[PDB]
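Taken one at a time, structure 1 and structure 2 that follow are two forms of one protein chain, written as structure tokens.
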Structure 1
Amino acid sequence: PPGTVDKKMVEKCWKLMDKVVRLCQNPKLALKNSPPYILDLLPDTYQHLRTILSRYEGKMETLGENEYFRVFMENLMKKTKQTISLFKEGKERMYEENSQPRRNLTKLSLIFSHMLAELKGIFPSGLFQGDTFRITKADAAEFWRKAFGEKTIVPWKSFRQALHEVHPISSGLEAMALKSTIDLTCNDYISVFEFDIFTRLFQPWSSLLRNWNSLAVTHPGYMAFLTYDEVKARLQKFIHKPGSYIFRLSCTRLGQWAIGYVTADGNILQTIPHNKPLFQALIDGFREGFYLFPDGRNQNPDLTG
């Protein structure tokens, strides 16, 4: 993996993070408070990094050499550099919302949220427990343990070939689609944390990639790195077409689905389905007249097989 994490690199990273903070306090950006909110995320990430350092008082050599922590720190440093490049190389299109540069800052925001979530899953309370992480579906737990043991983080290639023995991937293009879905921190590493998220979202394990095919790859309602405010904004054009709906990953309850939909009374509501898989929510909502037109489209996929 990347290099060992010393004090010099943590104090560089914070200085990068504080630069992204200053950039992001531009009033022309019109940043709204809702998650994911980069103005809370960077400060919160520093705080959890303070926590880790504090509990590794003495044992810095152990922490500095930890594999996950080295990959994490590199991801964090790379992403905060991408955000600084994005502002600089975007000059004034950062301010026109629905410019590409601006969509790119929202996507980073989400990535900064997914990274903080992963770091807290792996280091709850500032201490490394990647090696005892609990994978939430038992079959998926068995897969990881048989393939990688108690490893916290594995390169994409090695993950893809392990997955491929049990759940065959059809092609190069399907594999790249798969990668973008799972690899929430976008760093070409698959964590036990990102694996947990993906197999909870696309359970049951016994048909994993067919489930991911129907709900994401071939479904017009699925929306990849979208936020709550983006879903609301996207549905506005269908305000007069009750039953229009889209769905995505929840950013604050990672592992759970969030469905957005236009009601018959002129509201745009967002829900998080409980005690039922997305399929069943989608089927029943169609049957009850709520989830009819995915992304405002007139046909809806028949998930009833």
Structure 2
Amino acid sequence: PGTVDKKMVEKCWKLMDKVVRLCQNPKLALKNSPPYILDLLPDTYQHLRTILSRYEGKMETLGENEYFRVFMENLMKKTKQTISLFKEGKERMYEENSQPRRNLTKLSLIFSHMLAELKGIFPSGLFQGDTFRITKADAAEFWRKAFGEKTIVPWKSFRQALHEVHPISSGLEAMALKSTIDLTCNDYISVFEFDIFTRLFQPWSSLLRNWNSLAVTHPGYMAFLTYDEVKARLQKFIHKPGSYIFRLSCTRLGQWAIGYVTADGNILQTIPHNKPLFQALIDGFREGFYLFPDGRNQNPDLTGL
């Protein structure tokens, strides 16, 4: 992508304002629960003003940063795509569970991811990407060997390096993996997203193995969901104690959220603190808490520690 000037930033500002106006329509009924695009876009705008404020005068180094260019390009694409969603989705935008409506929700999730990534690589408006400290040491060593001190890398290169260390069986597996790790949906992989994924499916030594057993084949996996959606889904098993599902939170990237019904029965949530997910699932199953994945009678034996 081309070097970022203040002009293009102002253009993205205009597009974001347009999307905000399109979402401010009264007939849309905005659910305040995340992702809330009417809060996302302004926060992105304000953080962008912070980055520009700290890099005022020295705009030369800010416009040459590879991640900032990729981010601004992605923001351009996503905002423009949202405008197109409203444009070619006339009446259907004013419904429930509609195609452009669900697409708008998904794009909102993307905006949330991009805002989190932006605040992560630019904390307090100052760049902190070439100064990475990935939570998992093994994953950080892999990134250090493969891409060195680069903040972001193209998806193809990441797939190559990952396949060198962790073999990928099929292109389908690579696609599903891509849909899982590429949160900003820009065909790129940042150190931020890499940290999130490797924290999610720890340990590193059996990364793709955990991902196949926790995400791909485990019927309890629900990807990104809202607490209300978890409640509404587990509601069909409020009479079947032990039934559980786990999700990802757009407000808490890198951590799992296990929802389970009790013997009363109430629906409760548990967030493991730097535990491998399968460890918490095994422990919970042996204690009669996590018995039925998505209500299914058979729970996956994850005793492959």
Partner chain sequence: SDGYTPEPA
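Basically, rigid core = biggest C-alpha set you can superpose within 1.5 Å across the two forms. All residue numbers here follow the sequence of structure 1, with the first residue given the number 1.
Novice: Quick check on the two chains I just loaded: which one is the form solved in complex with the partner chain, 1 or 2?
Specialist: Of the two, structure 1 is the form solved in complex with the partner chain.
Novice: Given a rigid core superposition of the two forms, which one of 230, 196, 74, 183 has its CA shift by 2 angstroms or more between the two structures?
Specialist: It is 230.
Novice: After the core is matched up, is the C-alpha of residue 297 off by 2 Å or more between the two structures?
Specialist: Yes, the C-alpha moves 2 Å or more.
Novice: After a rigid core superposition, would you say the CA of residue 11 moves by 2 angstroms or more between the two structures, or not?
Specialist: No.
Novice: Cα of residue 282 displaced 2 Å or more between the two structures, core superposed?
Specialist: After core superposition, the displacement of the residue 282 C-alpha between the two structures reaches the 2 Å mark, so yes.
Novice: How much does the C-alpha of residue 35 move between the two structures, in Å, when the core is lined up?
Specialist: So the C-alpha of this residue moves 1.6 Å.
Novice: Having superposed the rigid core, state how many Å the Cα of residue 48 shifts between the two structures.
Specialist: The shift comes out to 0.3 Å.
Novice: May I ask for the C-alpha shift of residue 241 between the two structures, in Å, based on superposition of the rigid core?
Specialist: Shift of residue 241 at C-alpha, rigid core superposed: 5.5 Å.
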